[PDB]
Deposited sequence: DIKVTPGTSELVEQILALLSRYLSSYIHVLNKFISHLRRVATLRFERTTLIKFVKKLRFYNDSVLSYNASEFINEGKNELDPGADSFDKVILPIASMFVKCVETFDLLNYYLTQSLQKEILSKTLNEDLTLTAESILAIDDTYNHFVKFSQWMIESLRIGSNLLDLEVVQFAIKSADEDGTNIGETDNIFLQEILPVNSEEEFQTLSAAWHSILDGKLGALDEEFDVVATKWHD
């Protein structure tokens, strides 16, 4: 078992900051979209659905930015490291599944509704922006899986749908026992110490900020499209 080290409190804040930018990216660009659907009467009720989602994202964001990590950590007989990470991993799982619901509506249901109602693509997401949506989603899922699996805090109550679906679909098909390009099937190595987690976390931080940076780009060009 691993005990918490002094710099854990800032590691937690560093991880939550990642989730905070993810939320804020959606919050920022959806605010632009909602503020423009106001002028399109045929999409009045689709707009209210997005407002509900944004409000939920605002809440997850305000909760993350208000969470004092040093308020819930003590450090010979201190806090076990996995116990202080579980609420963080749980938060990521809750947000990811929320993104999954939001992503499907925004990428599938709404796009086909907008095409059907407005008869044009003056309000639809670009094909490139959609790719950034899923690529960011898939990596935040994987990062949420790594945090959970490597610290051996996994269960049925921390499973992600897209992960568990990929596993069942693999064991039922043939891409089960292969190296596979699919990132959801790739095994997670158990972290041996506090330091190892803190280093690999910073490594994920570099990658996820990169995806978030690319996501920010596509959000700016799709807001332009909505002039």
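- Residues of the deposited sequence missing from the coordinate set occupy positions 76 to 81, 234.
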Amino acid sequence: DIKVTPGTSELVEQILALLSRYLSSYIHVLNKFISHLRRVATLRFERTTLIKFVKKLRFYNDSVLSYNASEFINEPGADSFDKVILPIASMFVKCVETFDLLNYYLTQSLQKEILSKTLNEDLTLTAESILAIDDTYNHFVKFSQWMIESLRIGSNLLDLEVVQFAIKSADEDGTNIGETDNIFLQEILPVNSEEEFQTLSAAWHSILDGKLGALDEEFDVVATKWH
From here on, numbers count along this sequence of modelled residues.
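- In this crystal structure, the stretch out of 146 to 154 and 102 to 110 whose C-alpha atoms carry the higher mean B factor is 146 to 154.
- Set 168 to 176 against 42 to 50 and average the Cα temperature factors; 168 to 176 ends up higher.
- Taking only the listed residues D134, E97, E75, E128, the entry reports the highest CA temperature factor at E75.
- The PDB entry assigns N120 a C-alpha temperature factor belonging to the middle third of its chain's modelled residues.
- Among all modelled residues in this chain, the alpha-carbon of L65 has a temperature factor (C-alpha) in the middle third.
- In the PDB entry, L16 places in the middle third of its chain by CA B-factor.
- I188: CA B factor in the highest third of modelled residues in this chain (values from the PDB entry).
- Remark: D159 belongs to the middle third of its chain, ranked by C-alpha B-factor as recorded.
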